[PDB]
>>> print(open('structure.pdb').read())   # PDB, N, CA and C atoms
MODEL        1
ATOM      1  N   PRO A  99     100.784  39.422   3.705  1.00  0.00           N
ATOM      2  CA  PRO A  99     100.019  40.181   2.711  1.00  0.00           C
ATOM      3  C   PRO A  99      99.076  39.258   1.964  1.00  0.00           C
ATOM      4  N   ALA A 100      98.013  39.802   1.381  1.00  0.00           N
ATOM      5  CA  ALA A 100      97.074  38.964   0.648  1.00  0.00           C
ATOM      6  C   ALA A 100      96.494  39.727  -0.531  1.00  0.00           C
ATOM      7  N   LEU A 101      97.087  39.545  -1.706  1.00  0.00           N
ATOM      8  CA  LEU A 101      96.645  40.250  -2.900  1.00  0.00           C
ATOM      9  C   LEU A 101      95.459  39.511  -3.502  1.00  0.00           C
ATOM     10  N   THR A 102      94.256  40.016  -3.255  1.00  0.00           N
ATOM     11  CA  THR A 102      93.088  39.470  -3.923  1.00  0.00           C
ATOM     12  C   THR A 102      93.149  39.791  -5.411  1.00  0.00           C
ATOM     13  N   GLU A 103      92.343  39.072  -6.193  1.00  0.00           N
ATOM     14  CA  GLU A 103      92.346  39.286  -7.634  1.00  0.00           C
ATOM     15  C   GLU A 103      91.888  40.692  -7.996  1.00  0.00           C
ATOM     16  N   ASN A 104      91.195  41.374  -7.082  1.00  0.00           N
ATOM     17  CA  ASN A 104      90.795  42.754  -7.328  1.00  0.00           C
ATOM     18  C   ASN A 104      91.981  43.699  -7.179  1.00  0.00           C
ATOM     19  N   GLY A 105      92.546  43.771  -5.975  1.00  0.00           N
ATOM     20  CA  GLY A 105      93.615  44.705  -5.687  1.00  0.00           C
ATOM     21  C   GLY A 105      93.097  46.103  -5.420  1.00  0.00           C
ATOM     22  N   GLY A 106      94.033  46.994  -5.103  1.00  0.00           N
ATOM     23  CA  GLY A 106      93.697  48.393  -4.928  1.00  0.00           C
ATOM     24  C   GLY A 106      94.222  49.048  -3.667  1.00  0.00           C
ATOM     25  N   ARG A 107      94.234  48.325  -2.553  1.00  0.00           N
ATOM     26  CA  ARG A 107      94.801  48.845  -1.309  1.00  0.00           C
ATOM     27  C   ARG A 107      95.445  47.724  -0.499  1.00  0.00           C
ATOM     28  N   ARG A 110      99.489  48.159   2.538  1.00  0.00           N
ATOM     29  CA  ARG A 110     100.422  49.272   2.409  1.00  0.00           C
ATOM     30  C   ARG A 110     101.494  49.211   3.491  1.00  0.00           C
ATOM     31  N   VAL A 111     102.709  49.622   3.137  1.00  0.00           N
ATOM     32  CA  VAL A 111     103.861  49.524   4.022  1.00  0.00           C
ATOM     33  C   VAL A 111     104.575  50.872   4.051  1.00  0.00           C
ATOM     34  N   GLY A 112     105.346  51.089   5.122  1.00  0.00           N
ATOM     35  CA  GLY A 112     106.127  52.296   5.266  1.00  0.00           C
ATOM     36  C   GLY A 112     107.562  51.975   5.652  1.00  0.00           C
ATOM     37  N   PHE A 113     108.352  53.034   5.811  1.00  0.00           N
ATOM     38  CA  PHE A 113     109.754  52.915   6.180  1.00  0.00           C
ATOM     39  C   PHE A 113     110.145  54.062   7.098  1.00  0.00           C
ATOM     40  N   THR A 114     111.067  53.778   8.020  1.00  0.00           N
ATOM     41  CA  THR A 114     111.498  54.750   9.014  1.00  0.00           C
ATOM     42  C   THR A 114     113.016  54.741   9.120  1.00  0.00           C
ATOM     43  N   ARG A 115     113.563  55.854   9.605  1.00  0.00           N
ATOM     44  CA  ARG A 115     114.980  55.970   9.917  1.00  0.00           C
ATOM     45  C   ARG A 115     115.133  56.643  11.271  1.00  0.00           C
ATOM     46  N   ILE A 116     116.174  56.260  12.005  1.00  0.00           N
ATOM     47  CA  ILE A 116     116.412  56.775  13.345  1.00  0.00           C
ATOM     48  C   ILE A 116     117.698  57.590  13.348  1.00  0.00           C
ATOM     49  N   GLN A 117     117.864  58.385  14.401  1.00  0.00           N
ATOM     50  CA  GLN A 117     118.944  59.356  14.499  1.00  0.00           C
ATOM     51  C   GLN A 117     119.892  58.984  15.629  1.00  0.00           C
ATOM     52  N   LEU A 118     121.190  59.080  15.361  1.00  0.00           N
ATOM     53  CA  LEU A 118     122.224  58.864  16.364  1.00  0.00           C
ATOM     54  C   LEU A 118     122.972  60.167  16.613  1.00  0.00           C
ATOM     55  N   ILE A 119     123.214  60.473  17.886  1.00  0.00           N
ATOM     56  CA  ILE A 119     123.810  61.742  18.290  1.00  0.00           C
ATOM     57  C   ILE A 119     125.005  61.460  19.190  1.00  0.00           C
ATOM     58  N   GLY A 120     126.138  62.086  18.884  1.00  0.00           N
ATOM     59  CA  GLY A 120     127.316  62.022  19.725  1.00  0.00           C
ATOM     60  C   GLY A 120     127.540  63.316  20.478  1.00  0.00           C
ATOM     61  N   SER A 121     128.753  63.464  21.010  1.00  0.00           N
ATOM     62  CA  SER A 121     129.093  64.649  21.786  1.00  0.00           C
ATOM     63  C   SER A 121     130.602  64.730  21.959  1.00  0.00           C
ATOM     64  N   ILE A 122     131.126  65.951  21.938  1.00  0.00           N
ATOM     65  CA  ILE A 122     132.539  66.219  22.182  1.00  0.00           C
ATOM     66  C   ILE A 122     132.647  66.890  23.543  1.00  0.00           C
ATOM     67  N   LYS A 123     133.451  66.312  24.428  1.00  0.00           N
ATOM     68  CA  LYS A 123     133.661  66.845  25.766  1.00  0.00           C
ATOM     69  C   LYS A 123     135.123  67.228  25.951  1.00  0.00           C
ATOM     70  N   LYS A 124     135.349  68.367  26.598  1.00  0.00           N
ATOM     71  CA  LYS A 124     136.699  68.853  26.834  1.00  0.00           C
ATOM     72  C   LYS A 124     137.287  68.203  28.078  1.00  0.00           C
ATOM     73  N   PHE A 125     138.590  67.929  28.034  1.00  0.00           N
ATOM     74  CA  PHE A 125     139.291  67.330  29.159  1.00  0.00           C
ATOM     75  C   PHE A 125     140.721  67.842  29.203  1.00  0.00           C
ATOM     76  N   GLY A 126     141.280  67.903  30.403  1.00  0.00           N
ATOM     77  CA  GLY A 126     142.656  68.333  30.557  1.00  0.00           C
ATOM     78  C   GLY A 126     142.971  68.610  32.011  1.00  0.00           C
ATOM     79  N   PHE A 127     144.259  68.835  32.264  1.00  0.00           N
ATOM     80  CA  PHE A 127     144.755  69.120  33.602  1.00  0.00           C
ATOM     81  C   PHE A 127     146.067  69.882  33.477  1.00  0.00           C
ATOM     82  N   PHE A 128     146.721  70.096  34.615  1.00  0.00           N
ATOM     83  CA  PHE A 128     147.963  70.856  34.650  1.00  0.00           C
ATOM     84  C   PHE A 128     148.639  70.633  35.995  1.00  0.00           C
ATOM     85  N   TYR A 129     149.861  71.147  36.107  1.00  0.00           N
ATOM     86  CA  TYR A 129     150.623  71.102  37.346  1.00  0.00           C
ATOM     87  C   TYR A 129     151.584  72.281  37.370  1.00  0.00           C
ATOM     88  N   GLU A 130     152.089  72.589  38.563  1.00  0.00           N
ATOM     89  CA  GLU A 130     152.954  73.743  38.756  1.00  0.00           C
ATOM     90  C   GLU A 130     154.202  73.329  39.519  1.00  0.00           C
ATOM     91  N   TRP A 131     155.242  74.149  39.389  1.00  0.00           N
ATOM     92  CA  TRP A 131     156.473  73.962  40.137  1.00  0.00           C
ATOM     93  C   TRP A 131     157.146  75.313  40.324  1.00  0.00           C
ATOM     94  N   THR A 132     157.873  75.448  41.427  1.00  0.00           N
ATOM     95  CA  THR A 132     158.635  76.655  41.692  1.00  0.00           C
ATOM     96  C   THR A 132     160.039  76.507  41.124  1.00  0.00           C
ATOM     97  N   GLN A 133     160.726  77.641  40.990  1.00  0.00           N
ATOM     98  CA  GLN A 133     162.126  77.602  40.584  1.00  0.00           C
ATOM     99  C   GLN A 133     162.971  76.866  41.609  1.00  0.00           C
ATOM    100  N   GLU A 134     162.753  77.156  42.895  1.00  0.00           N
ATOM    101  CA  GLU A 134     163.557  76.555  43.953  1.00  0.00           C
ATOM    102  C   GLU A 134     163.440  75.039  43.941  1.00  0.00           C
ATOM    103  N   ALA A 135     162.287  74.528  43.509  1.00  0.00           N
ATOM    104  CA  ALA A 135     162.110  73.089  43.393  1.00  0.00           C
ATOM    105  C   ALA A 135     163.125  72.499  42.421  1.00  0.00           C
ATOM    106  N   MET A 136     163.332  73.169  41.287  1.00  0.00           N
ATOM    107  CA  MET A 136     164.298  72.687  40.305  1.00  0.00           C
ATOM    108  C   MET A 136     165.740  72.894  40.753  1.00  0.00           C
ATOM    109  N   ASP A 137     166.059  74.046  41.349  1.00  0.00           N
ATOM    110  CA  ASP A 137     167.448  74.301  41.720  1.00  0.00           C
ATOM    111  C   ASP A 137     167.913  73.416  42.863  1.00  0.00           C
ATOM    112  N   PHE A 138     167.080  73.228  43.882  1.00  0.00           N
ATOM    113  CA  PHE A 138     167.500  72.556  45.104  1.00  0.00           C
ATOM    114  C   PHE A 138     166.917  71.154  45.206  1.00  0.00           C
ATOM    115  N   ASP A 139     166.848  70.446  44.084  1.00  0.00           N
ATOM    116  CA  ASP A 139     166.327  69.090  44.063  1.00  0.00           C
ATOM    117  C   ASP A 139     167.470  68.087  44.068  1.00  0.00           C
ATOM    118  N   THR A 140     167.239  66.940  44.707  1.00  0.00           N
ATOM    119  CA  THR A 140     168.233  65.875  44.694  1.00  0.00           C
ATOM    120  C   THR A 140     168.522  65.398  43.277  1.00  0.00           C
ATOM    121  N   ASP A 141     167.498  65.311  42.434  1.00  0.00           N
ATOM    122  CA  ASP A 141     167.675  64.918  41.043  1.00  0.00           C
ATOM    123  C   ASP A 141     167.808  66.148  40.160  1.00  0.00           C
ATOM    124  N   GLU A 142     168.607  66.023  39.103  1.00  0.00           N
ATOM    125  CA  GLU A 142     168.790  67.096  38.137  1.00  0.00           C
ATOM    126  C   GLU A 142     168.043  66.840  36.836  1.00  0.00           C
ATOM    127  N   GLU A 143     167.261  65.762  36.764  1.00  0.00           N
ATOM    128  CA  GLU A 143     166.438  65.468  35.596  1.00  0.00           C
ATOM    129  C   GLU A 143     164.965  65.368  35.968  1.00  0.00           C
ATOM    130  N   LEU A 144     164.552  66.044  37.040  1.00  0.00           N
ATOM    131  CA  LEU A 144     163.167  65.966  37.492  1.00  0.00           C
ATOM    132  C   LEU A 144     162.215  66.522  36.440  1.00  0.00           C
ATOM    133  N   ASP A 145     162.607  67.615  35.786  1.00  0.00           N
ATOM    134  CA  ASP A 145     161.757  68.212  34.760  1.00  0.00           C
ATOM    135  C   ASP A 145     161.470  67.219  33.640  1.00  0.00           C
ATOM    136  N   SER A 146     162.502  66.506  33.188  1.00  0.00           N
ATOM    137  CA  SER A 146     162.306  65.476  32.174  1.00  0.00           C
ATOM    138  C   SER A 146     161.427  64.353  32.703  1.00  0.00           C
TER     139      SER A 146
ATOM    140  N   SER B  11     157.825 141.417  33.818  1.00  0.00           N
ATOM    141  CA  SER B  11     157.407 140.938  32.506  1.00  0.00           C
ATOM    142  C   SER B  11     158.354 141.417  31.411  1.00  0.00           C
ATOM    143  N   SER B  12     157.954 141.215  30.156  1.00  0.00           N
ATOM    144  CA  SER B  12     158.787 141.577  29.016  1.00  0.00           C
ATOM    145  C   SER B  12     157.928 141.959  27.817  1.00  0.00           C
ATOM    146  N   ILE B  13     158.529 141.969  26.625  1.00  0.00           N
ATOM    147  CA  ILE B  13     157.787 142.301  25.412  1.00  0.00           C
ATOM    148  C   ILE B  13     156.618 141.342  25.217  1.00  0.00           C
ATOM    149  N   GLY B  14     156.865 140.045  25.376  1.00  0.00           N
ATOM    150  CA  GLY B  14     155.827 139.052  25.240  1.00  0.00           C
ATOM    151  C   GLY B  14     156.038 137.883  26.177  1.00  0.00           C
ATOM    152  N   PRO B  15     154.964 137.154  26.477  1.00  0.00           N
ATOM    153  CA  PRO B  15     155.088 135.981  27.347  1.00  0.00           C
ATOM    154  C   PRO B  15     156.028 134.943  26.754  1.00  0.00           C
ATOM    155  N   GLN B  16     157.066 134.603  27.509  1.00  0.00           N
ATOM    156  CA  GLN B  16     158.019 133.576  27.115  1.00  0.00           C
ATOM    157  C   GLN B  16     157.629 132.270  27.793  1.00  0.00           C
ATOM    158  N   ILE B  17     157.680 131.176  27.039  1.00  0.00           N
ATOM    159  CA  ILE B  17     157.176 129.894  27.516  1.00  0.00           C
ATOM    160  C   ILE B  17     158.176 129.249  28.467  1.00  0.00           C
ATOM    161  N   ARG B  18     159.378 128.965  27.976  1.00  0.00           N
ATOM    162  CA  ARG B  18     160.385 128.287  28.783  1.00  0.00           C
ATOM    163  C   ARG B  18     161.192 129.322  29.558  1.00  0.00           C
ATOM    164  N   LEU B  19     161.138 129.247  30.889  1.00  0.00           N
ATOM    165  CA  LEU B  19     161.823 130.201  31.755  1.00  0.00           C
ATOM    166  C   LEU B  19     162.875 129.537  32.634  1.00  0.00           C
ATOM    167  N   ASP B  20     163.230 128.289  32.349  1.00  0.00           N
ATOM    168  CA  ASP B  20     164.204 127.583  33.168  1.00  0.00           C
ATOM    169  C   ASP B  20     164.873 126.513  32.323  1.00  0.00           C
ATOM    170  N   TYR B  21     166.198 126.573  32.234  1.00  0.00           N
ATOM    171  CA  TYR B  21     166.964 125.574  31.504  1.00  0.00           C
ATOM    172  C   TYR B  21     167.080 124.313  32.347  1.00  0.00           C
ATOM    173  N   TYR B  22     166.610 123.197  31.801  1.00  0.00           N
ATOM    174  CA  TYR B  22     166.656 121.915  32.492  1.00  0.00           C
ATOM    175  C   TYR B  22     167.982 121.242  32.167  1.00  0.00           C
ATOM    176  N   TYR B  23     168.839 121.103  33.171  1.00  0.00           N
ATOM    177  CA  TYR B  23     170.131 120.446  32.995  1.00  0.00           C
ATOM    178  C   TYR B  23     169.898 118.944  32.911  1.00  0.00           C
ATOM    179  N   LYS B  24     170.237 118.353  31.764  1.00  0.00           N
ATOM    180  CA  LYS B  24     169.964 116.938  31.536  1.00  0.00           C
ATOM    181  C   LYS B  24     170.739 116.056  32.511  1.00  0.00           C
ATOM    182  N   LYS B  25     172.012 116.371  32.730  1.00  0.00           N
ATOM    183  CA  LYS B  25     172.835 115.577  33.633  1.00  0.00           C
ATOM    184  C   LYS B  25     172.373 115.758  35.071  1.00  0.00           C
ATOM    185  N   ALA B  26     171.944 114.665  35.688  1.00  0.00           N
ATOM    186  CA  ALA B  26     171.377 114.696  37.026  1.00  0.00           C
ATOM    187  C   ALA B  26     172.456 114.469  38.078  1.00  0.00           C
ATOM    188  N   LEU B  27     172.099 114.761  39.327  1.00  0.00           N
ATOM    189  CA  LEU B  27     172.989 114.574  40.471  1.00  0.00           C
ATOM    190  C   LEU B  27     172.544 113.321  41.214  1.00  0.00           C
ATOM    191  N   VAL B  28     173.188 112.212  40.909  1.00  0.00           N
ATOM    192  CA  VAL B  28     172.922 110.951  41.588  1.00  0.00           C
ATOM    193  C   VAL B  28     173.984 110.741  42.654  1.00  0.00           C
ATOM    194  N   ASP B  29     173.585 110.106  43.754  1.00  0.00           N
ATOM    195  CA  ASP B  29     174.515 109.832  44.836  1.00  0.00           C
ATOM    196  C   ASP B  29     175.518 108.762  44.407  1.00  0.00           C
ATOM    197  N   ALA B  30     176.651 108.726  45.101  1.00  0.00           N
ATOM    198  CA  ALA B  30     177.695 107.758  44.810  1.00  0.00           C
ATOM    199  C   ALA B  30     177.298 106.398  45.383  1.00  0.00           C
ATOM    200  N   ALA B  31     178.209 105.434  45.316  1.00  0.00           N
ATOM    201  CA  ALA B  31     177.979 104.092  45.838  1.00  0.00           C
ATOM    202  C   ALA B  31     178.761 103.953  47.136  1.00  0.00           C
ATOM    203  N   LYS B  32     178.070 103.561  48.203  1.00  0.00           N
ATOM    204  CA  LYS B  32     178.722 103.351  49.487  1.00  0.00           C
ATOM    205  C   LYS B  32     179.825 102.314  49.352  1.00  0.00           C
ATOM    206  N   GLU B  33     180.985 102.622  49.928  1.00  0.00           N
ATOM    207  CA  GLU B  33     182.150 101.760  49.784  1.00  0.00           C
ATOM    208  C   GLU B  33     181.878 100.381  50.367  1.00  0.00           C
ATOM    209  N   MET B  34     182.236  99.350  49.603  1.00  0.00           N
ATOM    210  CA  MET B  34     181.997  97.964  49.996  1.00  0.00           C
ATOM    211  C   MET B  34     183.012  97.550  51.065  1.00  0.00           C
ATOM    212  N   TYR B  35     182.879  98.169  52.241  1.00  0.00           N
ATOM    213  CA  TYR B  35     183.847  97.963  53.313  1.00  0.00           C
ATOM    214  C   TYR B  35     183.886  96.505  53.750  1.00  0.00           C
ATOM    215  N   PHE B  36     182.775  96.012  54.298  1.00  0.00           N
ATOM    216  CA  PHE B  36     182.758  94.660  54.840  1.00  0.00           C
ATOM    217  C   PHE B  36     182.838  93.616  53.734  1.00  0.00           C
ATOM    218  N   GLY B  37     182.215  93.885  52.590  1.00  0.00           N
ATOM    219  CA  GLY B  37     182.237  92.948  51.486  1.00  0.00           C
ATOM    220  C   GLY B  37     183.539  92.953  50.711  1.00  0.00           C
ATOM    221  N   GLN B  38     184.663  92.846  51.420  1.00  0.00           N
ATOM    222  CA  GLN B  38     185.968  92.817  50.774  1.00  0.00           C
ATOM    223  C   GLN B  38     186.666  91.491  51.036  1.00  0.00           C
ATOM    224  N   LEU B  39     185.906  90.397  51.038  1.00  0.00           N
ATOM    225  CA  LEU B  39     186.471  89.082  51.316  1.00  0.00           C
ATOM    226  C   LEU B  39     186.099  88.084  50.227  1.00  0.00           C
ATOM    227  N   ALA B  40     186.375  86.808  50.471  1.00  0.00           N
ATOM    228  CA  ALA B  40     186.236  85.768  49.463  1.00  0.00           C
ATOM    229  C   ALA B  40     184.775  85.555  49.082  1.00  0.00           C
ATOM    230  N   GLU B  41     184.582  84.990  47.891  1.00  0.00           N
ATOM    231  CA  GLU B  41     183.258  84.712  47.344  1.00  0.00           C
ATOM    232  C   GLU B  41     183.218  83.263  46.881  1.00  0.00           C
ATOM    233  N   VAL B  42     182.789  82.366  47.762  1.00  0.00           N
ATOM    234  CA  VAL B  42     182.647  80.960  47.403  1.00  0.00           C
ATOM    235  C   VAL B  42     181.254  80.737  46.831  1.00  0.00           C
ATOM    236  N   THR B  43     181.166  79.912  45.792  1.00  0.00           N
ATOM    237  CA  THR B  43     179.899  79.688  45.114  1.00  0.00           C
ATOM    238  C   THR B  43     179.271  78.382  45.582  1.00  0.00           C
ATOM    239  N   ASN B  44     177.945  78.320  45.521  1.00  0.00           N
ATOM    240  CA  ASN B  44     177.194  77.115  45.842  1.00  0.00           C
ATOM    241  C   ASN B  44     176.733  76.475  44.540  1.00  0.00           C
ATOM    242  N   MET B  45     176.952  75.170  44.399  1.00  0.00           N
ATOM    243  CA  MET B  45     176.601  74.484  43.162  1.00  0.00           C
ATOM    244  C   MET B  45     175.104  74.597  42.895  1.00  0.00           C
ATOM    245  N   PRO B  46     174.698  75.139  41.735  1.00  0.00           N
ATOM    246  CA  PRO B  46     173.269  75.234  41.402  1.00  0.00           C
ATOM    247  C   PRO B  46     172.530  73.914  41.534  1.00  0.00           C
ATOM    248  N   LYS B  47     173.018  72.896  40.826  1.00  0.00           N
ATOM    249  CA  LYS B  47     172.418  71.572  40.873  1.00  0.00           C
ATOM    250  C   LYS B  47     172.496  70.998  42.279  1.00  0.00           C
ATOM    251  N   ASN B  48     171.391  70.396  42.720  1.00  0.00           N
ATOM    252  CA  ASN B  48     171.300  69.776  44.038  1.00  0.00           C
ATOM    253  C   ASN B  48     171.782  70.720  45.131  1.00  0.00           C
ATOM    254  N   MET B  49     172.395  70.168  46.183  1.00  0.00           N
ATOM    255  CA  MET B  49     172.966  70.959  47.268  1.00  0.00           C
ATOM    256  C   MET B  49     171.987  72.022  47.752  1.00  0.00           C
TER     257      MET B  49
ENDMDL
END
>>> encode(input="structure.pdb", output="structure tokens")
Amino acid sequence: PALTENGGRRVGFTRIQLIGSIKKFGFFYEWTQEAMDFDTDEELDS
Amino acid sequence: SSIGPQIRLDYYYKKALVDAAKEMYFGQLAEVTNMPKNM
């Protein structure tokens, strides 16, 4: 900058934007009754 | 006909005629159980 003894005439300022996002996630599994009754292990569900 | 039209002309007997149960002829023997777990 150079302020002469006269003066009379600059700076500005800016801001930026940040954007996120929420994404859904999940899964599942299935089993039959016979799988539980006739299984070698009796704690398979656990 | 009669003096006036009658609505209900038949008594519905609540107790129904259901068939009996066939005699468990062959199923008159032992009942061994299978273990639920494993097996």
>>> resolve_selection(input="structure.pdb", expression="the ChimeraX specification (/B :<7) & /A", output="PyMOL selection string")
chain A and resi 136-142
>>> select_by_dssp(input="structure.pdb", residues="chain A", states="alpha helix (DSSP H)", output="PyMOL selection string")
chain A and resi 133-137
>>> atom_distance(input="structure.pdb", atom1="atom C of residue 41 of chain B", atom2="atom N of residue 143 of chain A")
25.8 Å
>>> build_atoms(input="structure.pdb", residues="segment 107-131 of chain A", atoms="N, CA, C and O atoms", output="PDB file, in the frame of the given file")
ATOM      1  N   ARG A 107      94.234  48.325  -2.553  1.00  0.00           N
ATOM      2  CA  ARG A 107      94.801  48.845  -1.309  1.00  0.00           C
ATOM      3  C   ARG A 107      95.445  47.724  -0.499  1.00  0.00           C
ATOM      4  O   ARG A 107      94.837  46.681  -0.270  1.00  0.00           O
ATOM      5  N   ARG A 110      99.489  48.159   2.538  1.00  0.00           N
ATOM      6  CA  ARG A 110     100.422  49.272   2.409  1.00  0.00           C
ATOM      7  C   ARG A 110     101.494  49.211   3.491  1.00  0.00           C
ATOM      8  O   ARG A 110     101.225  48.803   4.619  1.00  0.00           O
ATOM      9  N   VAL A 111     102.709  49.622   3.137  1.00  0.00           N
ATOM     10  CA  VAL A 111     103.861  49.524   4.022  1.00  0.00           C
ATOM     11  C   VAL A 111     104.575  50.872   4.051  1.00  0.00           C
ATOM     12  O   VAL A 111     104.431  51.699   3.149  1.00  0.00           O
ATOM     13  N   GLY A 112     105.346  51.089   5.122  1.00  0.00           N
ATOM     14  CA  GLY A 112     106.127  52.296   5.266  1.00  0.00           C
ATOM     15  C   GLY A 112     107.562  51.975   5.652  1.00  0.00           C
ATOM     16  O   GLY A 112     107.943  50.812   5.801  1.00  0.00           O
ATOM     17  N   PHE A 113     108.352  53.034   5.811  1.00  0.00           N
ATOM     18  CA  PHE A 113     109.754  52.915   6.180  1.00  0.00           C
ATOM     19  C   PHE A 113     110.145  54.062   7.098  1.00  0.00           C
ATOM     20  O   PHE A 113     109.629  55.176   6.982  1.00  0.00           O
ATOM     21  N   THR A 114     111.067  53.778   8.020  1.00  0.00           N
ATOM     22  CA  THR A 114     111.498  54.750   9.014  1.00  0.00           C
ATOM     23  C   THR A 114     113.016  54.741   9.120  1.00  0.00           C
ATOM     24  O   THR A 114     113.673  53.757   8.773  1.00  0.00           O
ATOM     25  N   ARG A 115     113.563  55.854   9.605  1.00  0.00           N
ATOM     26  CA  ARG A 115     114.980  55.970   9.917  1.00  0.00           C
ATOM     27  C   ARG A 115     115.133  56.643  11.271  1.00  0.00           C
ATOM     28  O   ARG A 115     114.322  57.494  11.646  1.00  0.00           O
ATOM     29  N   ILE A 116     116.174  56.260  12.005  1.00  0.00           N
ATOM     30  CA  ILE A 116     116.412  56.775  13.345  1.00  0.00           C
ATOM     31  C   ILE A 116     117.698  57.590  13.348  1.00  0.00           C
ATOM     32  O   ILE A 116     118.525  57.507  12.435  1.00  0.00           O
ATOM     33  N   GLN A 117     117.864  58.385  14.401  1.00  0.00           N
ATOM     34  CA  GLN A 117     118.944  59.356  14.499  1.00  0.00           C
ATOM     35  C   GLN A 117     119.892  58.984  15.629  1.00  0.00           C
ATOM     36  O   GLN A 117     119.449  58.621  16.724  1.00  0.00           O
ATOM     37  N   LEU A 118     121.190  59.080  15.361  1.00  0.00           N
ATOM     38  CA  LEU A 118     122.224  58.864  16.364  1.00  0.00           C
ATOM     39  C   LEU A 118     122.972  60.167  16.613  1.00  0.00           C
ATOM     40  O   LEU A 118     123.322  60.883  15.669  1.00  0.00           O
ATOM     41  N   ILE A 119     123.214  60.473  17.886  1.00  0.00           N
ATOM     42  CA  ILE A 119     123.810  61.742  18.290  1.00  0.00           C
ATOM     43  C   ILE A 119     125.005  61.460  19.190  1.00  0.00           C
ATOM     44  O   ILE A 119     124.893  60.690  20.151  1.00  0.00           O
ATOM     45  N   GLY A 120     126.138  62.086  18.884  1.00  0.00           N
ATOM     46  CA  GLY A 120     127.316  62.022  19.725  1.00  0.00           C
ATOM     47  C   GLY A 120     127.540  63.316  20.478  1.00  0.00           C
ATOM     48  O   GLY A 120     126.656  64.169  20.582  1.00  0.00           O
ATOM     49  N   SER A 121     128.753  63.464  21.010  1.00  0.00           N
ATOM     50  CA  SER A 121     129.093  64.649  21.786  1.00  0.00           C
ATOM     51  C   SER A 121     130.602  64.730  21.959  1.00  0.00           C
ATOM     52  O   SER A 121     131.265  63.705  22.125  1.00  0.00           O
ATOM     53  N   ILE A 122     131.126  65.951  21.938  1.00  0.00           N
ATOM     54  CA  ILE A 122     132.539  66.219  22.182  1.00  0.00           C
ATOM     55  C   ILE A 122     132.647  66.890  23.543  1.00  0.00           C
ATOM     56  O   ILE A 122     132.015  67.924  23.786  1.00  0.00           O
ATOM     57  N   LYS A 123     133.451  66.312  24.428  1.00  0.00           N
ATOM     58  CA  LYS A 123     133.661  66.845  25.766  1.00  0.00           C
ATOM     59  C   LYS A 123     135.123  67.228  25.951  1.00  0.00           C
ATOM     60  O   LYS A 123     136.024  66.504  25.519  1.00  0.00           O
ATOM     61  N   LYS A 124     135.349  68.367  26.598  1.00  0.00           N
ATOM     62  CA  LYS A 124     136.699  68.853  26.834  1.00  0.00           C
ATOM     63  C   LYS A 124     137.287  68.203  28.078  1.00  0.00           C
ATOM     64  O   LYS A 124     136.581  67.948  29.056  1.00  0.00           O
ATOM     65  N   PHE A 125     138.590  67.929  28.034  1.00  0.00           N
ATOM     66  CA  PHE A 125     139.291  67.330  29.159  1.00  0.00           C
ATOM     67  C   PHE A 125     140.721  67.842  29.203  1.00  0.00           C
ATOM     68  O   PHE A 125     141.300  68.174  28.165  1.00  0.00           O
ATOM     69  N   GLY A 126     141.280  67.903  30.403  1.00  0.00           N
ATOM     70  CA  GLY A 126     142.656  68.333  30.557  1.00  0.00           C
ATOM     71  C   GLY A 126     142.971  68.610  32.011  1.00  0.00           C
ATOM     72  O   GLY A 126     142.087  68.624  32.875  1.00  0.00           O
ATOM     73  N   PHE A 127     144.259  68.835  32.264  1.00  0.00           N
ATOM     74  CA  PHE A 127     144.755  69.120  33.602  1.00  0.00           C
ATOM     75  C   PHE A 127     146.067  69.882  33.477  1.00  0.00           C
ATOM     76  O   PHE A 127     146.485  70.263  32.380  1.00  0.00           O
ATOM     77  N   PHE A 128     146.721  70.096  34.615  1.00  0.00           N
ATOM     78  CA  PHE A 128     147.963  70.856  34.650  1.00  0.00           C
ATOM     79  C   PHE A 128     148.639  70.633  35.995  1.00  0.00           C
ATOM     80  O   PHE A 128     148.073  70.015  36.899  1.00  0.00           O
ATOM     81  N   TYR A 129     149.861  71.147  36.107  1.00  0.00           N
ATOM     82  CA  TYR A 129     150.623  71.102  37.346  1.00  0.00           C
ATOM     83  C   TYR A 129     151.584  72.281  37.370  1.00  0.00           C
ATOM     84  O   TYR A 129     151.868  72.900  36.342  1.00  0.00           O
ATOM     85  N   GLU A 130     152.089  72.589  38.563  1.00  0.00           N
ATOM     86  CA  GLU A 130     152.954  73.743  38.756  1.00  0.00           C
ATOM     87  C   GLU A 130     154.202  73.329  39.519  1.00  0.00           C
ATOM     88  O   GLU A 130     154.228  72.305  40.205  1.00  0.00           O
ATOM     89  N   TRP A 131     155.242  74.149  39.389  1.00  0.00           N
ATOM     90  CA  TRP A 131     156.473  73.962  40.137  1.00  0.00           C
ATOM     91  C   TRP A 131     157.146  75.313  40.324  1.00  0.00           C
ATOM     92  O   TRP A 131     157.013  76.209  39.485  1.00  0.00           O
TER      93      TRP A 131
END
